[PDB]
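Here are two versions of the same chain, shown separately as structure tokens and labelled structure 1 and structure 2.
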Structure 1
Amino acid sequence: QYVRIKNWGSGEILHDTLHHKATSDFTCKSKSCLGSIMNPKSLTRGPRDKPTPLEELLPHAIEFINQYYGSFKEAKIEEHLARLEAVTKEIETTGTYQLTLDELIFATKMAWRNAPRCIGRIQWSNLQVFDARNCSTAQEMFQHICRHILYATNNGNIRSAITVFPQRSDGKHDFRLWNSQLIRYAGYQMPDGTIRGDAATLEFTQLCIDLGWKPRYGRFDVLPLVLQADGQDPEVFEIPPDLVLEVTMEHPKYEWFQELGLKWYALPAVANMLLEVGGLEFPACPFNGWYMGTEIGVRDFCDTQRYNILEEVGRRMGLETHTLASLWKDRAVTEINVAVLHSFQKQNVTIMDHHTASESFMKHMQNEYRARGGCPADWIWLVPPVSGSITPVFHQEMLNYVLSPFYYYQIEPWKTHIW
């Protein structure tokens, strides 16, 4: 039966029944709890060597088709049963099946809808889908991605979108983007042991250099796209600079902020996740939404392991940078968050502060419970990296479970790749 869930802020109670559809086992054991693990196996969908067994696929495929046709207001039994039949025949005769464009569209929005770590799921229905299932080469990939970047960026007025490339067949011809994000900065380890740029991309930057890319050695050097089509080796493509919109950071009071020389790309596009639907797997389906301040202000700029700009901004504010209990870190990070939001608005690039994001997610969560009695939600990821208890999601209890469709992680392609 349902699991009782409470919001200590409003005292409200919800009954989650949706979790009953969860699939395999999650992270945390039966007696241990592995909830703060970023990459648990229950969240990763690795490579394959052979096709998915008919016995497994068919059952899932039927399930999905039933889910799709079930989503309609006033059904279409005939079309429904018809579809189930066609899919069965297709698997018997081909060994797999093709989703109708409409079902793919439905599949991508549902998987988004079922992303427990996404705070912007209130937009799950507003998503542009580019069907690249016909793609054959890396060159065509690069072309599609470019269309995507251009469509999504929309001159600052960001639009959510996803590009679906060929589904995995035998797992021996997988289409993959070796990049973590469509657009990202490179990390160079200078001779003197000093890291320059985005430390998070040190290994990947090396990979690109290894694949022949010319390293410019700058704090903000956009990395090349490394595409892998039909199981083939990867090819490196520079991304047209005109296509990459960036926001230069500047604070509305501390005019010395510009003197830090900060900027960040406007498009947050995930490139390496796998889309699973009806037994089908899409190892290459780059998607994007718009930024939430804290991602850049808090994590990207202040993470000790990223650009780590917190002490500098601290000193530039003349704070007791050496008296930890002075709470200078609290003062600094907040101003850096104001610079990010302010600088994005100034330049007309869509962005949303964390307080507002949190509010909408609660609204969404309520709709999800009224709509289907549940909302897979990972509290650890949904609560903003700053102002935790000051946002309402912090006070909301939640259940995290893997449904289907879903967006899984994958093993880094350079590890599992036969050159």
Structure 2
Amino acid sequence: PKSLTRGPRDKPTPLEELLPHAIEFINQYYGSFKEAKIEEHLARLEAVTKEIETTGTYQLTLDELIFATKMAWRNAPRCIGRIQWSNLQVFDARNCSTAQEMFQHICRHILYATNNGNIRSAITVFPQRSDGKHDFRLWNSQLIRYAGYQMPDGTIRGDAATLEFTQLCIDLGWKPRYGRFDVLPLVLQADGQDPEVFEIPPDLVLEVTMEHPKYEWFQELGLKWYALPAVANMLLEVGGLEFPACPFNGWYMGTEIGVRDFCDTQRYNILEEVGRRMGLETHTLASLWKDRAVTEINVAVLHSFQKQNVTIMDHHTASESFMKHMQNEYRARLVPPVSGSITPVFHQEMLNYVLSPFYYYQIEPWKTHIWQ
């Protein structure tokens, strides 16, 4: 995915690589207004140019930043959320200094975002990359996520996708409770310093208890998942600027909540216990009972969410949320095309088209971090 990965630097972005993008951005920004702000637009371009001339970089106005985060969301071709991009709360943390402070900002986010199940979308933007030596990073892939443990006999326990990170956490001093649903700690890096680990206050992590509307025994097999899907390891590019730390969140779809993960020895087990029900024939592969169980688990999940009043992207939600997004544009008194975000970028030997602003992937920090 190297195309969509924006890596680390060790020196500020050159003028010839910053100025053009800053200009394009500011034009894009001022081009959004129904009512033009000519005098302001020209003076801003001047301000920014002189600022890059004198300081070597530039700062975004809170309003420019807000716009950037929303546009980058609008420019996320995989995200169904891009549909209602105006429904985003932006938390400005560009004045942050330490991991201690990062944690507070992160807790505020979780708190705001969770809202007792009535999930709200938000993004916390930490200081932008300066020289690439003083980066702010969240080593975690997601704010909330279960630990994955490599058991002696070879089987995994917990989230199989977090094995490498869990190990890291252990190496960093985190005491592993060898359970199936252990919420991983936040590994926060501020000002390029070594990362610091913080346990996430249990009260802040809302979890959905799995139960089926028909099968009363469902709750007996003790399955649960966290309500907040928040990405922590991405980078926001905007007008040449780079924000290595800017975690955001949305809400689940329903059809994807991963553990029903039809994979290995993790899958098989939960799937057989199920057969206890209606299609009790788990002794043979003649009855494709697995199809029955999977379909039913999705039912238990969907049901669990709606009954525990935790927002999920069902058909009604998708439409209602989109309407709310349209109400915001109407009260403002046509949209700026997606085309207005495509920038021709000539990287080594090929003319390619890139979107900006945009949420890029990054290289896992421990792979590049230089220990103090």
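One-based numbering along structure 1's sequence throughout. In this text, rigid core is short for the largest set of C-alphas that superpose within 1.5 Å between two forms.
Visitor: Following superposition of the rigid core, which of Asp303, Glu246, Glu235, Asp230 is the only residue with a C-alpha displacement of 2 Å or more between structure 1 and structure 2?
Guide: The one that moves 2 Å or more is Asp303.
Visitor: Honestly, after the rigid core fit, is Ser326 moving at least 2 Å at Cα between structure 1 and structure 2?
Guide: Moves: yes, 2 Å or greater.
Visitor: After fitting the rigid core, is the C-alpha of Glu359 off by 2 Å or more between structure 1 and structure 2?
Guide: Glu359: C-alpha displaced by 2 Å or more between structure 1 and structure 2.
Visitor: Is the shift of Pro392 between structure 1 and structure 2 large enough to count as movement, that is, does its C-alpha move by 2 Å or more after the core is superposed?
Guide: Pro392 C-alpha, core-superposed: shift of 2 Å or more.
Visitor: Report, in Å with one decimal, the C-alpha displacement of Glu255 between structure 1 and structure 2 after core superposition.
Guide: Rounded to one decimal, the shift is 2.2 Å.
Visitor: Could you tell me the distance the CA of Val338 travels between structure 1 and structure 2 after a rigid core superposition, in angstrom?
Guide: Looking at the C-alpha of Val338 between structure 1 and structure 2, the offset is 1.3 Å.
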